[PDB]
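Containing mmCIF, C-alpha atoms and all ligand atoms: input.cif.
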```cif
data_my_file
loop_
_atom_site.label_atom_id
_atom_site.label_comp_id
_atom_site.auth_asym_id
_atom_site.auth_seq_id
_atom_site.Cartn_x
_atom_site.Cartn_y
_atom_site.Cartn_z
CA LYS A 5 -8.66 22.88 -14.05
CA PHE A 6 -9.80 19.28 -13.72
CA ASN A 7 -6.16 18.26 -14.11
CA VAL A 8 -4.80 20.75 -11.58
CA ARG A 9 -7.36 19.37 -9.13
CA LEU A 10 -6.39 15.77 -9.99
CA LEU A 11 -2.65 16.38 -9.72
CA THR A 12 -3.05 18.12 -6.36
CA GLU A 13 -5.04 15.15 -5.02
CA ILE A 14 -2.40 12.66 -6.21
CA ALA A 15 0.33 14.75 -4.56
CA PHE A 16 -1.51 15.24 -1.27
CA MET A 17 -2.37 11.56 -0.84
CA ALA A 18 1.21 10.51 -1.65
CA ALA A 19 2.55 13.00 0.92
CA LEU A 20 -0.07 11.76 3.41
CA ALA A 21 0.87 8.11 2.86
CA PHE A 22 4.46 9.14 3.52
CA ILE A 23 3.58 11.14 6.67
CA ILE A 24 1.55 8.23 8.05
CA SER A 25 4.49 5.87 7.22
CA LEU A 26 6.37 7.67 10.05
CA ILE A 27 3.96 6.30 12.66
CA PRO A 28 5.52 3.18 14.33
CA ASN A 29 3.66 0.15 12.91
CA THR A 30 5.73 -2.86 13.93
CA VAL A 31 3.86 -5.78 15.49
CA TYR A 32 6.77 -8.23 15.73
CA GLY A 33 9.89 -7.88 13.58
CA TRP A 34 8.88 -7.30 9.91
CA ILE A 35 5.25 -8.18 10.71
CA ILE A 36 3.70 -4.73 10.38
CA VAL A 37 0.38 -2.96 10.01
CA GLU A 38 0.89 -0.72 6.94
CA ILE A 39 -1.73 2.00 7.57
CA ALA A 40 0.25 4.19 5.19
CA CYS A 41 -1.38 2.20 2.36
CA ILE A 42 -4.73 3.78 3.03
CA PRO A 43 -4.38 7.22 1.37
CA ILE A 44 -3.14 5.45 -1.80
CA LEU A 45 -6.10 3.10 -1.66
CA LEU A 46 -8.57 5.95 -1.16
CA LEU A 47 -6.95 7.83 -4.04
CA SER A 48 -7.05 4.81 -6.31
CA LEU A 49 -10.69 4.17 -5.47
CA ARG A 50 -11.82 7.75 -6.03
CA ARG A 51 -9.77 8.64 -9.11
CA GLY A 52 -9.02 5.29 -10.67
CA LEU A 53 -6.11 3.15 -11.74
CA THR A 54 -3.65 5.62 -13.28
CA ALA A 55 -4.02 8.18 -10.49
CA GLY A 56 -3.37 5.40 -7.93
CA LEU A 57 -0.34 3.95 -9.75
CA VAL A 58 1.21 7.43 -9.80
CA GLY A 59 0.39 8.15 -6.16
CA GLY A 60 1.94 4.79 -5.24
CA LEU A 61 4.99 5.73 -7.29
CA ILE A 62 5.49 9.11 -5.64
CA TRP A 63 5.03 7.57 -2.14
CA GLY A 64 7.70 4.94 -2.93
CA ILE A 65 10.09 7.63 -4.09
CA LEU A 66 9.55 9.73 -0.95
CA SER A 67 10.18 6.65 1.18
CA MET A 68 13.53 6.15 -0.52
CA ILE A 69 14.91 9.69 -0.94
CA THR A 70 14.05 10.54 2.69
CA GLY A 71 16.02 7.57 3.99
CA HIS A 72 12.96 5.74 5.49
CA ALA A 73 13.15 2.77 3.14
CA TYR A 74 15.01 -0.42 4.06
CA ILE A 75 17.14 -0.98 1.01
CA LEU A 76 19.27 -4.08 0.56
CA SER A 77 19.94 -3.84 -3.16
CA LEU A 78 18.84 -1.94 -6.27
CA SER A 79 16.59 -4.67 -7.54
CA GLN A 80 15.13 -5.19 -4.03
CA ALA A 81 14.46 -1.47 -3.67
CA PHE A 82 12.80 -1.45 -7.06
CA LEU A 83 10.62 -4.39 -6.14
CA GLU A 84 9.60 -3.23 -2.65
CA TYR A 85 9.60 0.57 -2.89
CA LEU A 86 8.56 1.15 -6.50
CA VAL A 87 6.60 -1.87 -7.77
CA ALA A 88 4.94 -2.76 -4.46
CA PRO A 89 3.49 0.69 -3.65
CA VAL A 90 2.54 1.37 -7.32
CA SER A 91 0.68 -1.94 -7.22
CA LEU A 92 -1.86 -0.48 -4.80
CA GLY A 93 -3.32 1.37 -7.84
CA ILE A 94 -5.06 -1.86 -8.95
CA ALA A 95 -7.69 -0.75 -6.45
CA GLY A 96 -8.70 1.87 -9.03
CA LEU A 97 -10.29 -0.86 -11.14
CA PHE A 98 -13.07 -0.98 -8.51
CA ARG A 99 -13.87 2.74 -8.60
CA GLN A 100 -17.52 3.72 -8.42
CA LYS A 101 -18.48 6.73 -10.48
CA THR A 102 -22.20 6.66 -9.56
CA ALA A 103 -24.13 6.92 -6.29
CA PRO A 104 -25.16 5.30 -4.13
CA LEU A 105 -21.70 4.12 -3.08
CA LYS A 106 -21.68 0.36 -2.51
CA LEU A 107 -19.45 -1.11 0.21
CA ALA A 108 -18.57 -4.39 -1.53
CA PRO A 109 -16.42 -2.81 -4.29
CA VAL A 110 -14.52 -0.69 -1.74
CA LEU A 111 -13.62 -3.90 0.16
CA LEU A 112 -12.88 -5.96 -2.99
CA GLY A 113 -10.61 -3.18 -4.36
CA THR A 114 -8.73 -2.84 -1.01
CA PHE A 115 -8.35 -6.63 -0.59
CA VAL A 116 -7.03 -7.25 -4.10
CA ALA A 117 -4.56 -4.28 -3.86
CA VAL A 118 -3.14 -5.09 -0.39
CA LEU A 119 -2.89 -8.73 -1.52
CA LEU A 120 -0.93 -7.70 -4.59
CA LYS A 121 1.35 -5.37 -2.64
CA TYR A 122 2.17 -8.10 -0.05
CA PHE A 123 2.54 -10.66 -2.78
CA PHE A 124 5.56 -8.60 -3.99
CA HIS A 125 6.91 -8.29 -0.41
CA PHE A 126 6.47 -12.07 -0.10
CA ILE A 127 8.48 -12.62 -3.26
CA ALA A 128 11.09 -10.16 -1.93
CA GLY A 129 11.07 -11.97 1.45
CA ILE A 130 12.12 -15.11 -0.35
CA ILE A 131 14.81 -13.46 -2.44
CA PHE A 132 16.33 -10.87 -0.19
CA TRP A 133 15.42 -11.51 3.42
CA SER A 134 15.92 -15.27 3.94
CA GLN A 135 19.05 -14.77 6.14
CA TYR A 136 16.54 -13.60 8.77
CA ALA A 137 14.37 -16.78 8.63
CA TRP A 138 13.38 -18.05 12.12
CA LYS A 139 15.26 -21.07 13.40
CA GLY A 140 13.72 -24.17 11.76
CA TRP A 141 11.89 -22.32 8.93
CA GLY A 142 12.38 -22.57 5.19
CA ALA A 143 12.60 -19.23 3.30
CA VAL A 144 9.24 -19.52 1.56
CA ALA A 145 7.42 -20.46 4.77
CA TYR A 146 9.14 -17.65 6.62
CA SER A 147 8.24 -15.03 3.95
CA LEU A 148 4.66 -16.39 3.73
CA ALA A 149 4.17 -16.06 7.45
CA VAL A 150 5.73 -12.65 7.77
CA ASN A 151 4.23 -11.13 4.66
CA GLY A 152 0.98 -13.17 4.75
CA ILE A 153 0.36 -11.89 8.27
CA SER A 154 1.44 -8.30 7.51
CA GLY A 155 -0.86 -8.36 4.44
CA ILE A 156 -3.81 -9.56 6.50
CA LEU A 157 -3.27 -7.05 9.29
CA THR A 158 -2.79 -4.23 6.77
CA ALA A 159 -6.12 -5.18 5.16
CA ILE A 160 -7.84 -5.29 8.55
CA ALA A 161 -6.74 -1.73 9.30
CA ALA A 162 -7.52 -0.53 5.76
CA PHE A 163 -11.02 -2.12 6.15
CA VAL A 164 -11.70 -0.53 9.54
CA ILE A 165 -10.81 2.94 8.28
CA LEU A 166 -12.41 2.73 4.83
CA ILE A 167 -15.58 1.17 6.25
CA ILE A 168 -15.90 4.22 8.55
CA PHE A 169 -15.33 6.47 5.52
CA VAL A 170 -17.98 4.63 3.44
CA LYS A 171 -20.52 5.12 6.25
CA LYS A 172 -19.66 8.71 7.26
CA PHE A 173 -18.12 10.21 4.08
CA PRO A 174 -19.25 8.17 1.04
CA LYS A 175 -18.69 11.10 -1.38
CA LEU A 176 -14.93 10.79 -0.78
CA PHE A 177 -15.13 7.75 -3.08
CA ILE A 178 -16.98 9.48 -5.92
CA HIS A 179 -15.12 12.18 -7.82
CA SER A 180 -17.25 15.12 -8.69
CA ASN A 181 -16.73 17.91 -11.12
CA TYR A 182 -18.34 21.06 -9.65
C1 LIG B 1 13.60 9.09 -7.38
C2 LIG B 1 13.05 8.06 -8.44
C3 LIG B 1 13.63 6.67 -8.16
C4 LIG B 1 15.05 6.84 -7.62
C5 LIG B 1 15.07 6.64 -6.11
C6 LIG B 1 16.28 7.36 -5.56
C7 LIG B 1 16.50 7.02 -4.07
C8 LIG B 1 17.88 6.35 -3.90
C9 LIG B 1 18.34 6.45 -2.40
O1 LIG B 1 19.44 5.58 -2.15
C10 LIG B 1 19.63 5.27 -0.76
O2 LIG B 1 19.57 6.52 0.04
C11 LIG B 1 19.92 6.32 1.46
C12 LIG B 1 19.99 7.64 2.10
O3 LIG B 1 19.43 8.59 1.25
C13 LIG B 1 21.24 5.59 1.61
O4 LIG B 1 21.49 5.36 3.00
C14 LIG B 1 21.23 4.28 0.88
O5 LIG B 1 22.50 3.61 1.00
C15 LIG B 1 20.92 4.50 -0.58
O6 LIG B 1 20.80 3.24 -1.20
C1 LIG B 2 14.77 2.73 -10.91
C2 LIG B 2 15.48 2.92 -9.51
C3 LIG B 2 14.92 1.94 -8.47
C4 LIG B 2 15.14 2.54 -7.08
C5 LIG B 2 16.58 3.03 -7.05
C6 LIG B 2 17.35 2.23 -6.02
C7 LIG B 2 18.66 2.97 -5.66
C8 LIG B 2 19.13 2.48 -4.28
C9 LIG B 2 20.41 1.58 -4.47
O1 LIG B 2 20.90 1.25 -3.20
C10 LIG B 2 22.14 0.52 -3.17
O2 LIG B 2 22.09 -0.61 -4.14
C11 LIG B 2 23.21 -1.59 -4.02
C12 LIG B 2 22.89 -2.81 -4.78
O3 LIG B 2 22.92 -2.62 -6.16
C13 LIG B 2 23.47 -2.01 -2.59
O4 LIG B 2 24.70 -2.75 -2.55
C14 LIG B 2 23.56 -0.86 -1.65
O5 LIG B 2 23.64 -1.32 -0.29
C15 LIG B 2 22.37 0.06 -1.76
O6 LIG B 2 22.57 1.17 -0.90
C1 LIG B 3 11.17 -26.47 13.40
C2 LIG B 3 11.08 -25.56 14.69
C3 LIG B 3 10.66 -24.13 14.33
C4 LIG B 3 9.14 -23.97 14.52
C5 LIG B 3 8.45 -25.28 14.18
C6 LIG B 3 7.08 -25.01 13.61
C7 LIG B 3 7.24 -24.00 12.46
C8 LIG B 3 8.24 -24.58 11.43
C9 LIG B 3 7.72 -24.20 10.00
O1 LIG B 3 7.28 -25.37 9.36
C10 LIG B 3 7.07 -25.25 7.95
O2 LIG B 3 6.20 -26.39 7.53
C11 LIG B 3 6.19 -26.75 6.08
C12 LIG B 3 5.80 -28.15 5.96
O3 LIG B 3 5.41 -28.65 7.21
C13 LIG B 3 7.50 -26.53 5.35
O4 LIG B 3 7.28 -26.53 3.94
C14 LIG B 3 8.15 -25.25 5.73
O5 LIG B 3 9.39 -25.07 5.02
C15 LIG B 3 8.39 -25.24 7.22
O6 LIG B 3 9.24 -24.16 7.59
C1 LIG B 4 10.66 -11.58 5.50
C2 LIG B 4 10.67 -10.14 5.00
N1 LIG B 4 11.24 -9.20 5.75
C3 LIG B 4 11.27 -7.91 5.37
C4 LIG B 4 10.70 -7.58 4.12
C5 LIG B 4 10.72 -6.13 3.67
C6 LIG B 4 9.32 -5.56 3.79
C7 LIG B 4 8.18 -6.28 4.29
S1 LIG B 4 6.85 -5.22 4.21
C8 LIG B 4 7.59 -3.90 3.53
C9 LIG B 4 6.81 -2.63 3.23
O1 LIG B 4 7.72 -1.71 2.74
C10 LIG B 4 8.97 -4.23 3.34
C11 LIG B 4 10.02 -3.33 2.75
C12 LIG B 4 10.11 -8.61 3.33
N2 LIG B 4 9.52 -8.35 2.07
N3 LIG B 4 10.12 -9.87 3.81
#
```
Output the file's structure in the form of structure tokens.
Ligand SMILES: CCCCCCCCCO[C@@H]1O[C@H](CO)[C@@H](O)[C@H](O)[C@H]1O
Ligand SMILES: CCCCCCCCCO[C@@H]1O[C@H](CO)[C@@H](O)[C@H](O)[C@H]1O
Ligand SMILES: CCCCCCCCCO[C@@H]1O[C@H](CO)[C@@H](O)[C@H](O)[C@H]1O
Ligand SMILES: Cc1ncc(Cc2csc(C=O)c2C)c(N)n1
Amino acid sequence: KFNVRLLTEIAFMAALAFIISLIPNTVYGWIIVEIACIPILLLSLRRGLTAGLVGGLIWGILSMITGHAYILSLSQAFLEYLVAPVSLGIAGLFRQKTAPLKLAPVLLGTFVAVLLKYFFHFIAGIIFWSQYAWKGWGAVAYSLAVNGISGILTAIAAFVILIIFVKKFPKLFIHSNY
């Protein structure tokens, strides 16, 4: 019914995030453009918070069980491959249920959710990845740069794609019965 439709959409966007995560996205070392965020963001914005959290969760789990996650420790895996991708669901708080679709909430929702995801990577960068800190850099400054810049680039890409979607396919962002 409504729920079968909702569950299928969650599953498809999680599998799509995963499939897109296979596209090489490295800019320089762990500075990356995470375009794989976008189907979770779209899902969160169309179907709301809970749907998005769960899509994030399923994507994280696929990353791990398929071997495509970089795992250093249990707690680090939990932080970066469960919490971080789930955290994209916060975009669901900016869902629009009624037309016309406004651009500003799409962009606010995306910004806040990518920010929150890369805030957890930033925290992880400090805790788990400091042995890789560039010559002359403190851990915090190194994680801030790497994850600050990845966050920004990820949001740029998420904005380019979702802006195109808002202008050419606005109904993607408004769930409709019927
Ligand atoms: C499924 C819900 C949450 C549980 C997540 C389970 C995924 C655990 C996967 O572990 C990792 O798998 C890699 C190869 O599979 C190994 O190379 C790696 O050493 C190991 O750490
Ligand atoms: C609720 C589950 C959260 C995700 C599950 C994570 C399981 C992956 C655990 O990987 C292993 O953890 C050890 C540290 O404890 C590392 O020494 C080891 O290298 C690593 O391979
Ligand atoms: C030192 C040679 C390596 C490159 C030199 C320029 C980049 C060095 C990073 O500077 C950063 O500036 C902050 C205060 O200035 C510190 O809090 C931070 O820990 C530090 O890492
Ligand atoms: C310095 C630093 N290097 C690597 C990672 C790990 C990482 C960055 S983005 C991302 C998306 O999955 C992961 C696993 C980190 N947090 N900080």
- Item | Contacts of residue 165 of chain A within 12 Å, all atoms listed in the file, excl. fewer than 2 positions in-chain, as an MDAnalysis selection string | chainID A and resid 39:43 45:46 110:111 114 158:163 167:173
Pick out the residues no farther than 7 Å from ligand LIG 1 (chain B), counting all atoms listed in the file, and list them as a list in words.
->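 Residues satisfying the distance criterion: residues 65, 68, 69, 70, 71 and 75 of chain A.
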| field | Contact residues around residue 148 of chain A with only C-alpha atoms at 9 Å, ignoring same-chain residues under 6 positions, as a ChimeraX atom specification | value | /A:123,126-127,129-130
Margin query: What does the structure give for the distance between atom CA of residue 115 of chain A and atom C6 of ligand LIG 4 (chain B), in Å to one decimal?
Written below: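 Between these atoms lies a distance of 18.2 Å.
The two atoms in question, atom CA of residue 101 of chain A and atom CA of residue 24 of chain A, are spaced 27.3 Å apart.
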* To do: Do a neighbour search on residue 98 of chain A at 7 Å with all atoms listed in the file, toss out local chain neighbours closer than 2 positions, and write the hits as a list in words.
  =>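 Surrounding residues, per the criterion: residues 49, 95, 96, 100, 109, 110 and 113 of chain A.
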Q) Can you tell me which residues sit at most 6 Å away from ligand LIG 3 (chain B), counting all atoms listed in the file, written as an MDAnalysis selection string? A) chainID A and resid 139:142 145
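With a cut-off of 6 Å and using all atoms listed in the file, the polymer residues contacting ligand LIG 4 (chain B) are residues 34, 74, 84, 125, 126, 128, 129, 133, 147 and 150 of chain A.
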With C-alpha atoms retained, write the just-selected residues as a compact mmCIF listing (two decimals), keeping the file's coordinate frame.
```txt
# COMPACT_ATOMS: atom_id res chain seq x y z
CA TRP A 34 8.88 -7.30 9.91
CA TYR A 74 15.01 -0.42 4.06
CA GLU A 84 9.60 -3.23 -2.65
CA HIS A 125 6.91 -8.29 -0.41
CA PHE A 126 6.47 -12.07 -0.10
CA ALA A 128 11.09 -10.16 -1.93
CA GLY A 129 11.07 -11.97 1.45
CA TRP A 133 15.42 -11.51 3.42
CA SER A 147 8.24 -15.03 3.95
CA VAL A 150 5.73 -12.65 7.77
```
Neighbourhood of ligand LIG 2 (chain B) at 7 Å, counting only C-alpha atoms and all ligand atoms, reported as number ranges by chain: A: 75-79, 81-82, 86
As a check of understanding: the span from atom CA of residue 58 of chain A to atom CA of residue 90 of chain A is 6.7 Å
Identify, on the basis of only C-alpha atoms, every residue whose closest approach to residue 179 of chain A does not exceed 12 Å; exclude the query and any residue fewer than 5 positions from it along the same chain; express the result as a PDB file with C-alpha atoms, keeping the file's coordinate frame.
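See result14.pdb below for the written result:
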```pdb
ATOM      1  CA  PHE A   6      -9.800  19.280 -13.720  1.00  0.00           C
ATOM      2  CA  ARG A   9      -7.360  19.370  -9.130  1.00  0.00           C
ATOM      3  CA  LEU A  10      -6.390  15.770  -9.990  1.00  0.00           C
ATOM      4  CA  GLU A  13      -5.040  15.150  -5.020  1.00  0.00           C
ATOM      5  CA  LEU A  46      -8.570   5.950  -1.160  1.00  0.00           C
ATOM      6  CA  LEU A  47      -6.950   7.830  -4.040  1.00  0.00           C
ATOM      7  CA  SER A  48      -7.050   4.810  -6.310  1.00  0.00           C
ATOM      8  CA  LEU A  49     -10.690   4.170  -5.470  1.00  0.00           C
ATOM      9  CA  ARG A  50     -11.820   7.750  -6.030  1.00  0.00           C
ATOM     10  CA  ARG A  51      -9.770   8.640  -9.110  1.00  0.00           C
ATOM     11  CA  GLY A  52      -9.020   5.290 -10.670  1.00  0.00           C
ATOM     12  CA  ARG A  99     -13.870   2.740  -8.600  1.00  0.00           C
ATOM     13  CA  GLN A 100     -17.520   3.720  -8.420  1.00  0.00           C
ATOM     14  CA  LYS A 101     -18.480   6.730 -10.480  1.00  0.00           C
ATOM     15  CA  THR A 102     -22.200   6.660  -9.560  1.00  0.00           C
ATOM     16  CA  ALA A 103     -24.130   6.920  -6.290  1.00  0.00           C
ATOM     17  CA  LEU A 105     -21.700   4.120  -3.080  1.00  0.00           C
ATOM     18  CA  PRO A 174     -19.250   8.170   1.040  1.00  0.00           C
TER      19      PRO A 174
END
```
With distances taken over all atoms listed in the file, the candidate from A:178, A:44, A:33, A:5 nearest residue 17 of chain A is A:44
Min atom-atom distance to residue 132 of chain A from the set A:83, A:164, A:23, A:66, counting only C-alpha atoms, belongs to A:83
One residue among A:38, A:143, A:54, A:26 is nearest to residue 14 of chain A when using only C-alpha atoms, and that residue is A:54
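Within a radius of 10 Å around (1.4, -12.0, 8.7), the polymer residues are residues 31, 32, 34, 35, 36, 37, 122, 146, 147, 148, 149, 150, 151, 152, 153, 154, 155, 156, 157 and 158 of chain A, counting only C-alpha atoms.
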Taking N, CA and C atoms as the atom set, what does segment 76-106 of chain A look like once completed, written as a tab-separated table (two decimals), in the frame of the given file?
```tsv
chain	number	residue	atom	x	y	z
A	76	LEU	N	18.22	-3.07	0.47
A	76	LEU	CA	19.27	-4.08	0.56
A	76	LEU	C	20.04	-4.13	-0.74
A	77	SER	N	19.35	-3.82	-1.83
A	77	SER	CA	19.94	-3.84	-3.16
A	77	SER	C	19.02	-3.08	-4.10
A	78	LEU	N	19.54	-2.76	-5.29
A	78	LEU	CA	18.84	-1.94	-6.27
A	78	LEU	C	17.55	-2.61	-6.68
A	79	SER	N	17.71	-3.84	-7.15
A	79	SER	CA	16.59	-4.67	-7.54
A	79	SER	C	15.57	-4.89	-6.40
A	80	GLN	N	16.04	-4.99	-5.16
A	80	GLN	CA	15.13	-5.19	-4.03
A	80	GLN	C	14.37	-3.90	-3.74
A	81	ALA	N	15.06	-2.77	-3.88
A	81	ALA	CA	14.46	-1.47	-3.67
A	81	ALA	C	13.40	-1.22	-4.73
A	82	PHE	N	13.72	-1.62	-5.95
A	82	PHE	CA	12.80	-1.45	-7.06
A	82	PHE	C	11.52	-2.27	-6.83
A	83	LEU	N	11.71	-3.52	-6.47
A	83	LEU	CA	10.62	-4.39	-6.14
A	83	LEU	C	9.78	-3.87	-4.99
A	84	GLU	N	10.40	-3.46	-3.88
A	84	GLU	CA	9.60	-3.23	-2.65
A	84	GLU	C	9.18	-1.79	-2.41
A	85	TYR	N	9.87	-0.85	-3.06
A	85	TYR	CA	9.60	0.57	-2.89
A	85	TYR	C	9.21	1.30	-4.19
A	86	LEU	N	9.23	0.61	-5.32
A	86	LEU	CA	8.56	1.15	-6.50
A	86	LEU	C	7.38	0.25	-6.90
A	87	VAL	N	7.66	-0.98	-7.31
A	87	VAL	CA	6.60	-1.87	-7.77
A	87	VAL	C	5.51	-2.07	-6.72
A	88	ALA	N	5.92	-2.39	-5.49
A	88	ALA	CA	4.94	-2.76	-4.46
A	88	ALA	C	3.94	-1.62	-4.20
A	89	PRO	N	4.43	-0.40	-3.93
A	89	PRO	CA	3.49	0.69	-3.65
A	89	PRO	C	2.67	1.13	-4.89
A	90	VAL	N	3.25	1.04	-6.09
A	90	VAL	CA	2.54	1.37	-7.32
A	90	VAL	C	1.36	0.40	-7.39
A	91	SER	N	1.62	-0.85	-7.02
A	91	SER	CA	0.68	-1.94	-7.22
A	91	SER	C	-0.64	-1.74	-6.48
A	92	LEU	N	-0.63	-0.89	-5.46
A	92	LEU	CA	-1.86	-0.48	-4.80
A	92	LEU	C	-2.91	0.21	-5.76
A	93	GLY	N	-2.44	0.78	-6.85
A	93	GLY	CA	-3.32	1.37	-7.84
A	93	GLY	C	-4.36	0.43	-8.45
A	94	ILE	N	-4.11	-0.88	-8.45
A	94	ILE	CA	-5.06	-1.86	-8.95
A	94	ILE	C	-6.41	-1.69	-8.27
A	95	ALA	N	-6.44	-1.02	-7.12
A	95	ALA	CA	-7.69	-0.75	-6.45
A	95	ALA	C	-8.60	0.16	-7.32
A	96	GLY	N	-7.99	0.94	-8.20
A	96	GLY	CA	-8.70	1.87	-9.03
A	96	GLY	C	-9.63	1.18	-9.99
A	97	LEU	N	-9.38	-0.09	-10.29
A	97	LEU	CA	-10.29	-0.86	-11.14
A	97	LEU	C	-11.67	-1.06	-10.50
A	98	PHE	N	-11.79	-0.80	-9.21
A	98	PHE	CA	-13.07	-0.98	-8.51
A	98	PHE	C	-13.72	0.35	-8.12
A	99	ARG	N	-13.28	1.41	-8.78
A	99	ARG	CA	-13.87	2.74	-8.60
A	99	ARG	C	-15.35	2.73	-8.94
A	100	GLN	N	-16.13	3.40	-8.10
A	100	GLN	CA	-17.52	3.72	-8.42
A	100	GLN	C	-17.63	5.18	-8.81
A	101	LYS	N	-18.19	5.39	-9.98
A	101	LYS	CA	-18.48	6.73	-10.48
A	101	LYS	C	-19.89	7.22	-10.13
A	102	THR	N	-20.80	6.30	-9.78
A	102	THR	CA	-22.20	6.66	-9.56
A	102	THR	C	-22.77	6.22	-8.20
A	103	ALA	N	-23.50	7.15	-7.58
A	103	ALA	CA	-24.13	6.92	-6.29
A	103	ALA	C	-25.35	6.03	-6.50
A	104	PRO	N	-25.81	5.35	-5.45
A	104	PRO	CA	-25.16	5.30	-4.13
A	104	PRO	C	-23.87	4.47	-4.14
A	105	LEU	N	-22.90	4.89	-3.34
A	105	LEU	CA	-21.70	4.12	-3.08
A	105	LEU	C	-22.07	2.78	-2.44
A	106	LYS	N	-21.56	1.71	-3.03
A	106	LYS	CA	-21.68	0.36	-2.51
A	106	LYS	C	-20.41	0.00	-1.72
```
